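I have placed the structure first, in the form of structure tokens, so that the comments after it can refer back to it.
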Amino acid sequence: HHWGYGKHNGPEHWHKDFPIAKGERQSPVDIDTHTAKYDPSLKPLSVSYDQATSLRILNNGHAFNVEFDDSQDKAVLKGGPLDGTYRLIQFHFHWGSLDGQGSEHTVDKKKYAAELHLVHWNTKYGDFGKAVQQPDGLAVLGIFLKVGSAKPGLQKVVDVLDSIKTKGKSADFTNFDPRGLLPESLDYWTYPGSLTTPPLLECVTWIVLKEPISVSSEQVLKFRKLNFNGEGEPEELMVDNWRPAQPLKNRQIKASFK
Ligand SMILES: NS(=O)(=O)c1cc([N+](=O)[O-])ccc1Cl
Ligand SMILES: [Cl-]
Ligand SMILES: [Hg+2]
Ligand SMILES: [Zn+2]
């Protein structure tokens, strides 16, 4: 009985094996744009993905990960609310069964069709493993996806999904440039949070971009062809793999823009 997104193992059940699910800084959260406050103390956000080196793509049972070689100082996120440098290790998405839902964070209660998460670990901690034992160990750059015009830079990911349909399958995925998945503006909202998936560790500084990227209906439709199940098992489409908004509690969301 592994955690998942179904009726008997979904978000409302996670707290049993992962008590921190009811913690003080859980993610995602609803971003109330009117309550968010512009923060002058925030420094310019820096996303440097020019040397990013992808290795492979994997269906892990709850989503698919595009993994990067993080053994060297490449693909780094710094500035903004961050102290020091954070290194990109992987990115993945959360999406719905319909265009009207799919994102984890919401904006004034609005749900987007999907949400992209670029995961980075604080280099001061040596590696990802040690980083997730720290309150400021991770930084996730979140980007909303809406259905409209296709995103050319996403097609290479879409076309390889047919090879990793079921849980456990992986495939080489080199030379993929994540810069092609970024919107024009880096305006963002930021707050202290957690992993949105078990173990739900509270080590994340969330940086959610205001401007969504547009992807085509065809592209998201292919995301929905993936399977939660492993090969040879009854088909359970990989859809609605998103956790709903959690209590903001003692937290303030800061905006990088006026
Ligand atoms: N959703 S997330 O970005 O908080 C996240 C997801 C996973 N995952 O479910 O593979 C690992 C790390 C992080 Cl920070
Ligand atoms: Cl597991
Ligand atoms: Hg999983
Ligand atoms: Zn995620």
Does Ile213 satisfy being surrounded by 21 or more Cβ atoms within 10 Å (Cβ to Cβ) and out of contact with any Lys or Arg (no Cβ under 8 Å at 6 or more places or on another chain)?
no
The residue that is farthest from ligand 1 (Cβ to nearest atom), considering only those in region 18-41 that are charged (D, E, K, R) and within 22 Å of the chain's Cα centre (by Cα), is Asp32
Checklist (1) within 17 Å of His62 (Cα to Cα); (2) more than 14 Å from ligand 1 (Cβ to nearest atom); (3) surrounded by fewer than 17 Cβ atoms within 10 Å (Cβ to Cβ); (4) of a type outside the set (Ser, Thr, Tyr) applied to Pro199, failing item:
(2)
What number goes with the only condition from (1) away from ligand 1 (no atom under 16 Å from the Cβ); (2) under 15 Å from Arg224 (Cβ atoms); (3) touching a residue at least 40 places away in the same chain (Cβ under 8 Å) that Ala52 does not pass?
(2)
Given the structure, is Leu82 assigned to a loop (DSSP other than H, G, I, E, B), in contact with a strand residue (DSSP E or B) (Cβ under 9 Å, 6 or more places away or on another chain) and away from ligand 1 (no atom under 13 Å from the Cβ)?
yes
Considering only region 64-84, state which residues are within 16 Å of ligand 2 (Cβ to nearest atom) and in contact with a helix residue (DSSP H, G or I) (Cβ under 9 Å, 6 or more places away or on another chain).
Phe64
Filter region 188-215 down to residues that are out of contact with any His (no Cβ under 6 Å at 6 or more places or on another chain), β-branched (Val, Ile, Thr) and not in a loop (DSSP other than H, G, I, E, B) and give me whichever is nearest to ligand 2 (Cβ to nearest atom).
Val204
Take the residues of region 179-194 that are polar (S, T, N, Q) and touching a residue at least 40 places away in the same chain (Cβ under 8 Å): which is nearest to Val132 (Cα to Cα)?
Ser194
Taking region 1-58 on its own, how many of its residues are exposed (fewer than 14 other Cβ atoms within 10 Å of the Cβ) and among the small types (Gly, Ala, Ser)?
3
Of all residues in region 1-55 being in a strand (DSSP E or B) and among the aliphatic types (A, V, I, L, M), which is nearest to ligand 2 (Cβ to nearest atom)?
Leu55
Within region 177-186, is there a residue that is of a type in the set (S, T, N, Q), in contact with a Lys or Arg (Cβ under 6 Å, 6 or more places away or on another chain) and farther than 23 Å from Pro11 by Cα?
no
Kindly provide the set of residues from region 94-115 that are among the hydrophobic types (A, V, I, L, M, F, W, C) and part of a strand (DSSP E or B), ordered by number.
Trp95, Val107, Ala114
Determine whether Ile164 is more than 23 Å from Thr205 (Cβ to Cβ) and among the β-branched types (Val, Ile, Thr).
yes
Of a type in the set (A, V, I, L, M, F, W, C), out of contact with any helix residue (DSSP H, G or I) (no Cβ under 9 Å at 6 or more places or on another chain) and more than 11 Å from ligand 1 (Cβ to nearest atom) - does that describe any residue in region 85-98?
yes
Could you tell me whether any residue of region 24-46 is of a type outside the set (A, V, I, L, M, F, W, C) and within 16 Å of ligand 3 (Cβ to nearest atom)?
no
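Quick note: the coordinates plus some simple rules give every number you see, no bench work behind them. Here the Cβ is made from the backbone with ideal geometry for all residues, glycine too, and neighbour counts use every protein chain on show.
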